[PDB]
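Enquirer: Sequence and experimental coordinates follow.
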Amino acid sequence: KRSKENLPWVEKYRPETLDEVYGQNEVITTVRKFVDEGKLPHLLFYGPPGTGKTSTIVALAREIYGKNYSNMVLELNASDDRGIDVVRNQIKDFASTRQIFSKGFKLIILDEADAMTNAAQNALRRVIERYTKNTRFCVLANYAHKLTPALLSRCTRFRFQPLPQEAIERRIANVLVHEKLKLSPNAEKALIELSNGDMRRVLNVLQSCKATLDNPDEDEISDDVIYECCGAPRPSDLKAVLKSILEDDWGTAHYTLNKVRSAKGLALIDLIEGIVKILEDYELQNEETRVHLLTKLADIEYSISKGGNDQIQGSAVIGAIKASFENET
Amino acid sequence: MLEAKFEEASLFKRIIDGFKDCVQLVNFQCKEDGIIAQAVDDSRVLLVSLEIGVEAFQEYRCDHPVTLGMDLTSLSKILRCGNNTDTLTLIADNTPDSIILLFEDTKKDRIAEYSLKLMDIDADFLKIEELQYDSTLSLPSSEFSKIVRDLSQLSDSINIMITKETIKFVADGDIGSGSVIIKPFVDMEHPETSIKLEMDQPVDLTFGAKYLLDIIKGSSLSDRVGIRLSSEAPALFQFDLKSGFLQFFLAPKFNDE
Amino acid sequence: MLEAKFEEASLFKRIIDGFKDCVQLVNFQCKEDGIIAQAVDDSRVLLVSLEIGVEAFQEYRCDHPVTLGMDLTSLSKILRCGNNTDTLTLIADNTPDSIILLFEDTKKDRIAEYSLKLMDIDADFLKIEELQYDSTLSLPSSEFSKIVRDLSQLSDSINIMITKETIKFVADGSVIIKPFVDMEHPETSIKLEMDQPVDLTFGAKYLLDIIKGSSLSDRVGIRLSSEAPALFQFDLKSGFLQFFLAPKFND
Amino acid sequence: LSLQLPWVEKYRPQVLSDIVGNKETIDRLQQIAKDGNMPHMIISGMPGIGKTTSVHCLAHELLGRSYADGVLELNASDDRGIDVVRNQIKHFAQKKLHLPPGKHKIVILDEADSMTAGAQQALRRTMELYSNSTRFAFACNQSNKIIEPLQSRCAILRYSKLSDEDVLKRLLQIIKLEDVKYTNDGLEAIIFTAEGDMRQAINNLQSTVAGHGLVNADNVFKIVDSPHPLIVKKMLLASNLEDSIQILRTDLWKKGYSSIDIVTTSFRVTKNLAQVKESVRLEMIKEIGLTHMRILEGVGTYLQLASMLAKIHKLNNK
Amino acid sequence: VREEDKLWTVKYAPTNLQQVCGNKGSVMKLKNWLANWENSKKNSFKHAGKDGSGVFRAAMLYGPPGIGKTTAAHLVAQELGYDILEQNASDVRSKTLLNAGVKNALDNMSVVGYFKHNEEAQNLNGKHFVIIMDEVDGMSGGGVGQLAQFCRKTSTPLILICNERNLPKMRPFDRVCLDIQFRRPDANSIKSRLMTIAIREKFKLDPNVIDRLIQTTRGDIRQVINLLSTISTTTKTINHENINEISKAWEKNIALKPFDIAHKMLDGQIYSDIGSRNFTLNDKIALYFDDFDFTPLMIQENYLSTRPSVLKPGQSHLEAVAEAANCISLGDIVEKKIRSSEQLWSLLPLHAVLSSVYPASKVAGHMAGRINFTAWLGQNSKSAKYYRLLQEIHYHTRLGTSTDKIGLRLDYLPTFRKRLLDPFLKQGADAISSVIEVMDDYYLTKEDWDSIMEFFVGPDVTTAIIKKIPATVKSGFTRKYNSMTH
Amino acid sequence: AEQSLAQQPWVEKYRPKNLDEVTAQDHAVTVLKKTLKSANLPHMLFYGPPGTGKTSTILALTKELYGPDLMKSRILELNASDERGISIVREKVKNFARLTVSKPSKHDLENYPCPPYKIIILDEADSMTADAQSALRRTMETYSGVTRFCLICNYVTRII
Ligand SMILES: Nc1ncnc2c1ncn2[C@@H]1O[C@H](COP(=O)(O)OP(=O)(O)OP(O)(O)=S)[C@@H](O)[C@H]1O
Ligand SMILES: Nc1ncnc2c1ncn2[C@@H]1O[C@H](COP(=O)(O)OP(=O)(O)OP(O)(O)=S)[C@@H](O)[C@H]1O
Ligand SMILES: Nc1ncnc2c1ncn2[C@@H]1O[C@H](COP(=O)(O)OP(=O)(O)OP(O)(O)=S)[C@@H](O)[C@H]1O
Ligand SMILES: Nc1ncnc2c1ncn2[C@@H]1O[C@H](COP(=O)(O)OP(=O)(O)OP(O)(O)=S)[C@@H](O)[C@H]1O
Ligand SMILES: [Mg+2]
Ligand SMILES: [Mg+2]
Ligand SMILES: [Mg+2]
Ligand SMILES: [Mg+2]
């Protein structure tokens, strides 16, 4: 019944060791040299969502102690209570005693410590340094402003840069090795550009386009399948809509917008982002154009975030683009 | 299948009451030898290990080794809603599912069938108690409880020092200190009051007061507590049952000095 | 370096049990003749003093007089650990920063030491030189505790009248006592020597906390003066324990 | 399996002379320690300048071997409510101890800014009455959070940020004691990214030393990630909108920084922007706060930060 | 015992009343009051003295910290031969423990004083109590109510000492006990003490820097003594050559109160070109952070009650007030978003800038009148008290009205006034029969009739028309209502 | 049964019961149907305009996966009426996620393909606070072998 193949691709391909963590080479190398030399100071991982922080720290805990990491290592994620009455009793008692199985330094992993109250961090500020020669703290976080400056200073800061194109490409190749599948180069480029650094969105849309093949053993995943699985607008009709808005008149521009956004069931929130990304490359010969072009589009996006209407906002986008592309003449 | 019919009802209640408020989630392994269990504290400092053979059970039938994970709060809730005069039977199907606790009176037909949904605890079965201990001792439970709950009012740490035919419990706090020194002696008229000591090296090590106060709650089961101490090893506090034994593995507190 | 050894810890246990609620800090003086200790209430209305001679100690050794300032709550917590069957010893070194209370078992090899850290109290040792009291009476302690328990349930103020060899305890409830000297039972022989008609008024809780000591002595000696605090004396096998209670405003 | 202590702890000064902080206050504490008449003192300053270590070396030098029973330190991990400050602190205040003539018992209340006002109120008289035996010493990070009477009774001792000279001196001492190959450029880069923080500087030193061996500008600027607020300060002062947008894209967004952190850092930088005037600062803060409110509702894309920068440029340019 | 180990503040503490530098009049008045307390007790405290002091049993001491309040209260009791009973913040104070411990010592006599000295006739008040309640402000554990109740049923001199008098929690002490105010002393009182200390410690002090020493620490003499003691260990010459560093490094960061914070943030001197760099914006935000509970209310209360000085060319006062109010509305929106769900506390400084800093900077100038207290706190309480009555009336009339609690107040009550009140004016005491047949229809009572009239505003004001009808119809209406059964 | 479905508005009278009656979103129902033969059902997040088929397709997927017998014992549903706070999402959701899957009966096992995991559906997650969603992270991450989460929303930006 239960096996490794039932897990979703988000977790099925979790890096077991540090060797299976691509991208963050400049941090994995330093961590491996830390654990090799014998010294491992208080760490603080800080990175965007889905970069490899938790996987890296779990692989490190496995490498240090053994194949049984969740035995002498404490782990306080956001699922457990982490009030001041917890950092007083539990963390202090764990940091004040020895291990039960072997003789080594203890590891405490405070995952997502940005969700801790200021009093809890202020209490941890002294217990993190009172017992140093026996335990080590690892603070994982995504927002580096929730942490107080004191706790932020006591830990060595390691930033997890978003995965570059080469790392995601290597991971895609490794996944395509284990799973019988074929993926097109232009589809690969589209997937990389849609990833936005997120390693989880990659595997999610990959499982989706694999499921939408009807025979995931012979036919290759083309760009159309990827664009359909997430409903993202293809660059083709996106550039077509932008050109029709910039050049044509009002009636035909509204008609072609309503025809493109109804041919595949696109969303205006994605069209706005696509048009912004395509139009950021233009060379506007004035500063007053870009100011309005960004302000009105951001206002329309914030209004879409509340879901007022659906066509009034589209015509508002059209009008904002047209009125912004008027100071040029 | 798994069918374990006890002789009485309050036996399992008293057995669970030893580590009621000490551990939260346990996992009973049932085999042909008997029921074994081991569970780590919330702070991963002490471990409760219970072994009950087929001697305390009125009837026992287990074909293949089964593992049954469950929380102690719901288990205590189920044991509390049963009258202490019934007969208790643990029942498990072929595959490990919700365990069936069945209370059946001996005079009037009262079938109380409660279900308990299992938790999915990772089966990290641990193997301790094969380490040669430096010092072993045994003394009545009442004396240990008195000494520990008297020393707990002065501090939060307790230093146990086993020296040449001497046992020393030392509490050092803010308002004062306290030192209880006992010596091994055996009586012929009362073999249960004797304190036995077998040492190889003098051992001095500290523990917390909260964990000791939680451990001594198991003194309601037996009357002769055994203590095994060793440097770089968890202290073993053993209560001997009529069929098995309940042992607490406590972690010593290191000294900065 | 002082070393005192009692024959049984229950005596000192009851001694500290008598007045552990009216004060929180006590200065035990230590001379060659014995131990004297007086402590003033935190509201400075009631004073508790006590003197124990060498007859109560199985062993006594005091080379130089020492003053021991100690709390009672912590000392009571420490004394609670001891059992009534253990011999109690007080040990103090020169410059006594700590005092050792040692319980030794006769028929068992269980010795238990407890160190207590002393307090630095302003030892304004006020003299207890004798002032002639107008009325001096002796009455069984149990009857006194009972009658004050009865009057306290009615109000807080209690008036005491010593007039014409008659005792009046009024609660504003009244109980009237006449002195009877019986040869058959001397324990109930309520004696009274009066010089002037005495009129005093006291509070409730002070009497309620004084009568808590009605377990060391079966008879209490109560001494009154119209312009002096009332004295409540309880005898001991060796020494004596006396309370001084301040009067009330006249209305 | 032995784990070596960190360079922040292994080289923690145990002698008051090894402190490289403010020379005047350290000399005052040194003379007080050699004399012994130590009065109540509050030590406050930026995080990571050596306040706690200074007061701890002071206590160790003042009490020597009696440090085990003469000092009662209460940190934020230990309880600091009304009950403890009324019972345990008082019982330790009246604790009769025979110390050398010119010595005194010390109470180290670290992180004083976290205590409740009632605790300090109850502590006032407990400290004032037994001045002949107890000398409290507070060490916090925000002196404003302490009530006025407690702060006035003690002698205040402010602490300023560590200048680059002191940091470079301590860094050279550490390198000389650890036999590490280094260059001047690497040390200057470490000091520049340390923003005047001894602990952060030493941690970054140990990190780059263990990571690459040679302390050169490339290694530190590779694995130290030069501080955030400076890049944001450089972004908000660009001439044209395109340069500021390119800075936000390449340095902040592409390097994996959350939008909420960028907004908060920009707000904090504009809070202390002494170059521009007051009205422009207030309007920029208002627009940054509008963008912050927009971010907190969930929408936090790059377009919001771009529009925020566009609004700041429209405001500053006219 | 030791003489050097002292903290430079107990060895130099005033041992007699002629050494308390500053506020001679206040300590003299308090001394005369404590002296004539017995004479006023003889008259049952019902005869005011020359200064109107004998009618008060309890004394109150308030003023800035570090001036000699506790010192004066101790010396005045020690000089008259009294006995000192002193309770402070370290002791547990609550109505239970206060009625337990010190209530008995309120009307009792001293037990230790009787043994002090009685052979010679020094004074008759050497056996009585003077209970000194110090630091009344700190009552975090019956803190002010029971202590105020002690001021009336007392029989011994009761001296109370606090720091700030106008705090809302200690309002009961307003007229139940005499109060005196201790002011910050000048530079002429402590100058002789400081020079005598400088003479007795072999370290130079210029008589010209003492004024700056008193100015940098506004009114805390103990702070001046500690400042001198801390610096006299390495430097024995304190003159005009290093006074700037001392005055800059030893400043006092006192917390500002709702009046002072408004007076400071509304001053047109900070937002000038020179003051902008002497008092930066970070300090302005910290000023809000001192008290984020009353500063926005204070600013909204008195932002348009001043004469500005930062008015831009062309911009008048009305436009500046309008912009200030717009920013006030935006800060209100931010505050509502903060104190709503999700507990968004990271948005506090934006509220600090929008609600407080911007409207202040827009209308920053010289204040015309005085700092007025905020009015919204009372108006909201009144609105809630009125909404409770409106809800009660609506749920009483729900059986017949069939309208929300809103549509009833706006519409129904105008006609209910004509139906209920008008017959009592135009017809007199014979309309009592009609009016009742109305209210029994809507299940009203006398309590609802008392409340309905209070709602009308504008031209229709009933709180004055009620006093116009005769009192006999008032006394008959309640009787007629209580007599008849519903 | 049939008389019950007759006595209700047309909204509930024609609510799709399987994955074939939902003829609106062919891109998602294809994956949800392909999941049937496989077992790797990822954590789902349905988002879109009001009245589109999310709550009506997740129930159909559940019915087709487990069946009318195991459905009431193999899923948890927190939509809007339950108290979805930080304490509840820390205690109850975690207890149900960290829980052993029930034993499928022979009838259910023979007819419907029973996967070895339960289903926790948090309907309209845009109403939860930020701390609750933050706590949901590792709770949904570590017990991914016996529990899969399905969120539904009208505004994706509201979710952290
Ligand atoms: N560097 C990486 N190399 C390979 N796979 C990765 C990498 N980073 C993430 N993944 C994949 O993403 C999954 C989850 O990554 P995690 O490290 O758990 O995310 P995270 O760092 O914890 O970020 P959070 O916690 O969501 S803010 C892993 O199981 C991998 O499948
Ligand atoms: N002036 C200094 N000279 C040498 N080392 C210093 C100095 N200041 C700090 N350190 C180092 O910093 C660490 C101790 O700093 P701390 O005293 O903890 O800082 P802090 O003043 O307490 O500020 P907090 O408590 O972190 S907010 C040790 O590793 C010291 O070596
Ligand atoms: N006018 C004064 N003349 C001389 N010494 C003074 C004077 N005022 C205060 N002192 C000194 O200040 C110390 C006494 O502190 P107090 O001013 O009595 O404290 P306080 O007035 O009760 O204010 P609090 O309680 O801290 S708010 C002693 O060292 C006195 O010598
Ligand atoms: N895709 C669809 N296919 C068929 N009928 C549909 C579809 N979407 C909606 N309906 C009909 O509309 C009813 C409501 O659909 P629901 O899925 O419950 O609405 P919804 O998606 O939950 O929108 P919410 O709850 O406001 S987010 C269903 O019972 C059907 O009768
Ligand atoms: Mg993580
Ligand atoms: Mg510190
Ligand atoms: Mg005072
Ligand atoms: Mg729905």
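Expert: Received, thanks. Numbers count the residues shown, from 1 in each chain, chains lettered A, B, ... in the order given. Ligands and ions are numbered 1, 2, ... in the order given.
Enquirer: in chain F, which spans are helices?
Expert: Using DSSP state H, the helices found in chain F span residues F:2-6, F:10-13, F:26-37, F:54-65, F:71-74, F:86-97, F:106-111, F:130-142.
Enquirer: Reformat those as a markdown table; add distance to ligand 4 and mean neighbour count.
Expert: Where C-beta positions appear, they are placed from N, C-alpha and C, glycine not excepted. Below are the helices of chain F laid out as a markdown table (distance: least, Cβ to the nearest ligand atom, whole Å; neighbours: other Cβ atoms under 10 Å in any protein chain shown):
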| stretch | distance to ligand 4 | mean neighbour count |
| --- | --- | --- |
| helix F:2-6 | 12 | 8 |
| helix F:10-13 | 5 | 9 |
| helix F:26-37 | 9 | 16 |
| helix F:54-65 | 3 | 20 |
| helix F:71-74 | 17 | 14 |
| helix F:86-97 | 20 | 18 |
| helix F:106-111 | 25 | 12 |
| helix F:130-142 | 18 | 20 |
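Enquirer: These: which one's closest to ligand 1?
Expert: Between ligand 1 and those, the shortest gap by Cβ to the nearest ligand atom is with helix F:130-142, which sits at 6.2 Å.
Enquirer: Please enumerate residues in contact with that closest one?
Expert: A:11, A:54, A:77-79, A:111-112, A:115, E:342-343, F:43, F:84-86, F:89-90, F:93-94, F:97, F:122, F:125, F:147, F:149, F:159-160 (Cβ atoms under 8 Å, 6 or more residues apart in numbering or on different chains).
Enquirer: if you set the cut-off to 7 Å instead, what comes out?
Expert: A:77-79, A:111-112, A:115, E:342, F:43, F:84-86, F:89-90, F:93-94, F:97, F:149, F:159-160 (Cβ atoms under 7 Å, 6 or more residues apart in numbering or on different chains).
Enquirer: circling back to that earlier point, indicate which one of the helices of chain F is closest to residue E:325.
Expert: helix F:130-142 (32.1 Å; Cβ to Cβ).
Enquirer: what's the angle from the closest one to helix F:86-97?
Expert: 20 degrees (axes from the mean of the first three to the mean of the last three Cα atoms, to 10 degrees).
Enquirer: isn't residue D:228 right next to residue D:265, touching?
Expert: Yes - counting by Cβ atoms under 7 Å, residue D:265 is a contact partner of residue D:228 at 5.5 Å.
Enquirer: Now do the contacts for the most centrally placed residue in chain F.
Expert: The centroid of chain F falls nearest to residue F:121 when counting by Cα atoms, centre = their mean (4.0 Å). Residues counted as contacts of residue F:121 (Cβ under 7 Å, 6+ apart) are F:58, F:75, F:77, F:150.
Enquirer: Touching, residue F:108 and residue F:65? I think so.
Expert: No - the pair residue F:108 and residue F:65 does not pass the contact test of Cβ under 7 Å, sitting 10.4 Å apart.
Enquirer: what's around the residue nearest to residue D:160 when sequence neighbours are not counted, how many residues?
Expert: Once flanking residues are discounted, residue D:160 sits nearest to residue D:22: 5.7 Å by Cβ to Cβ, 6 or more residues apart in numbering or on different chains. Look at residue D:22: counted by other Cβ atoms under 10 Å in any protein chain shown, it has 22 neighbours.
Enquirer: still on that earlier bit, can I get the helices of chain F in a markdown table with distance to residue C:232?
Expert: Output for those, formatted as a markdown table (distance: least, Cβ to Cβ, whole Å):
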| stretch | distance to residue C:232 |
| --- | --- |
| helix F:2-6 | 87 |
| helix F:10-13 | 87 |
| helix F:26-37 | 90 |
| helix F:54-65 | 82 |
| helix F:71-74 | 76 |
| helix F:86-97 | 58 |
| helix F:106-111 | 86 |
| helix F:130-142 | 63 |
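Enquirer: Excluding chain neighbours, what is closest to the residue in chain B that ligand 4 sits nearest to?
Expert: Residue nearest to ligand 4 within chain B: residue B:117 (29.9 Å; Cβ to the nearest ligand atom). For residue B:117, the nearest residue in space outside its immediate sequence neighbours is residue B:98; the separation is 4.8 Å by Cβ to Cβ, 6+ apart.
Enquirer: okay, which residue is most central for chain D?
Expert: residue D:47 (0.5 Å).
Enquirer: phi, psi of that residue?
Expert: phi -70, psi 120 (degrees, to the nearest 10).
Enquirer: That one reaches residue A:152, doesn't it?
Expert: No - between residue D:47 and residue A:152 there is no contact under Cβ under 7 Å: 8.4 Å.
Enquirer: Write out the residues of chain F neighbouring chain B.
Expert: Those residues of chain F that sit near chain B, judged by Cβ under 7 Å from any Cβ of the partner chain, are F:98-100, F:102-103, F:146.
Enquirer: Max pairwise distance over these: which two?
Expert: Taking Cβ to Cβ, no two of these sit farther apart than F:98 and F:103, at 17.9 Å.
Enquirer: out of these two, which sits in the busier spot?
Expert: More crowded of residue F:98 and residue F:103, by other Cβ under 10 Å: residue F:98, with 19 against 16.
Enquirer: nearest residue to the more buried one other than its sequence neighbours?
Expert: Nearest non-adjacent residue to residue F:98 (Cβ to Cβ, 6+ apart): residue F:143, at 5.2 Å.
Enquirer: SS state for residue E:132?
Expert: strand (DSSP: H, G, I helix; E, B strand; the rest coil).
Enquirer: I'd like the distance between it and residue E:60.
Expert: For residue E:132, the distance to residue E:60 equals 12 Å [Cβ to Cβ, to the nearest Å].
Enquirer: Over to residue A:315?
Expert: From residue A:315 to residue E:60 the distance is 72 Å (Cβ to Cβ).
Enquirer: Between those two, point out the one with more neighbours.
Expert: Legend: neighbour count by other Cβ under 10 Å for residue A:315 and residue E:60, higher for residue E:60 (23 against 15).
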